[PDB]
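A single chain comes next, written as structure tokens; it is the form solved without the named molecule.
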């Protein structure tokens, strides 16, 4: 799978150029793809400063790349039409880093059969095998879930598949387009001898007695206890639910046995930031009162104060009872710090306390908005699987809604819609170059093992409708009349996304559904600064 040769190795930081030919949406997606490499690998990217060999990302015919550092200077990489997908950009960069397709492995014929008469004339070069003297498997087995593995339909001539997996169970498994596989990362990190990453900071599921070096100290006689269960709730930890349930642990602040006002803190070990912006995320459970609250502080260690600078950064109040709730906290720490979790028993009828699990800290931006869908499984393949998100306002002030269609018998669809907002009178119309990134979260206990499904679209102010008007024009002017859950009327603009966001079989895999809950993360930002590069 990997190329044989030291000459084909790029430096750990790759010089890049995002050519002006590229689509605006492609540019924003290619930069998001680099963020996945910065969190899961030791491979970084930096804009070309005059280096001998660099990657020139441009809009050619389709999506393609050379395998490994060719040492030709300006090395082309095409992200053409319909290639503006994060996984597609990751795939083509894994080629550039020195990997062939997974079905190109020297042993591929022992796992899959290539139906040669079914491949489109002039696209066979994609199905070439490379022997031991040309390729290295790096002692990793054939991976059907590889992001470098083609789908059964890849360049098919008709309805019959080109790649027939010898084991029938993997027929629909091959060709997944979500993220790197655990096996993909293993080969890549072994090839460049990756030790760290730029974005990853910490993951804490409390599966060991040392609890990721988290210190619990209080002069209030109140303490955070490592438990596998709580009688009032939860019956089991978050980490393992659709796995084993009772063999997993979480921290718990019992409020039932403490005085009102009593606090107990849970501090992290000393953390060293490399970027200056962070995203703290965790799962919370409340079996106590609605008066009970969680406070997030940051203890920054400067030279002028070795005892630290404690600053309150979030007050989580009136936490909904009887279910695990995912929370995100935006941080902007530049010096070494400690995350401080403070539970507080309030004035109200309590019977349990506050539980915390799957704490993940990364140097990335938090999602702008979160759409949390409860009792999800009932909607899969349901006639009533036509869901509309609550309304949301973007950074620049545009009002938007998300439409998730699960009524289909095979694929789930997702669509971005502009809606009539309050700021509409002072906004630029048609909406110019706003990239809306919709992510179906794989709720894995470790951020590094998450294969989240993502799709991004950009608002084109020149995209004209099927009748004279602009697609992204003011919804009051081009949209359809709709009704909010309370009864208030509004105008829903055109819907833009995909009909094949994820298959129902993939949706029901990994941890996209966890505790019958689903989280679709949203980030809408202006990307107009990418037209001039």
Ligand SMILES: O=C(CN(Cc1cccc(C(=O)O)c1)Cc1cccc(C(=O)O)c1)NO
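We call the rigid core the largest set of C-alpha positions that still match within 1.5 Å between the two forms. Residue numbers count along the first chain shown, from 1.
Form deposited with the named molecule bound: not shown, discussed below.
Looking at 279-287, 204-212, 153-161, 245-253, which stretch has residues with any non-hydrogen atom within 4.5 Å of the named molecule in the entry with it bound?
That would be stretch 153-161.
Quick one: does residue 33 come within 4.5 Å of the named molecule in the entry with it bound, counting heavy atoms only?
Answer no; every heavy atom of residue 33 is more than 4.5 Å from the named molecule in the entry with it bound.
Test of understanding: in the entry with it bound, would residue 101 fall inside 4.5 Å of the named molecule by heavy atoms?
Although the named molecule is absent here, residue 101 would touch it in the entry with it bound, with heavy atoms inside 4.5 Å.
Taking the shortest heavy atom distance, is residue 470 within 4.5 Å of the named molecule in the entry with it bound?
The answer is no: residue 470 has no heavy atom within 4.5 Å of the named molecule.
Report whether the minimum heavy atom distance between residue 92 and the named molecule in the entry with it bound is within 4.5 Å.
Contact check for residue 92: yes, within 4.5 Å of the named molecule in the entry with it bound.
Taking 4.5 Å between heavy atoms as the contact cutoff, choose which of 275, 336, 177, 450 touches the named molecule in the entry with it bound.
Contact check passes for 177.
Check each of 465, 499, 61, 480 and return the one that places a heavy atom within 4.5 angstroms of the named molecule in the entry with it bound.
Contact residue from the list: 61.
Output the sequence-ordered list of residues from 229-257 with at least one heavy atom within 4.5 Å of the named molecule in the entry with it bound.
Heavy-atom contacts within 4.5 Å come from no residue here.
With the rigid core superposed, which of 446, 171, 109, 124 has its C-alpha shift by 2 Å or more between this form and the one not shown?
Shifted by 2 Å or more: 124 only.
Using a rigid core superposition, assess whether residue 384 undergoes a CA shift of 2 Å or more between this form and the one not shown.
It does not, since the residue 384 C-alpha is displaced less than 2 Å between this form and the one not shown after the core fit.
Against the rigid core, is the Cα displacement of residue 220 between this form and the one not shown at least 2 Å?
Shift of 2 Å or more: yes.
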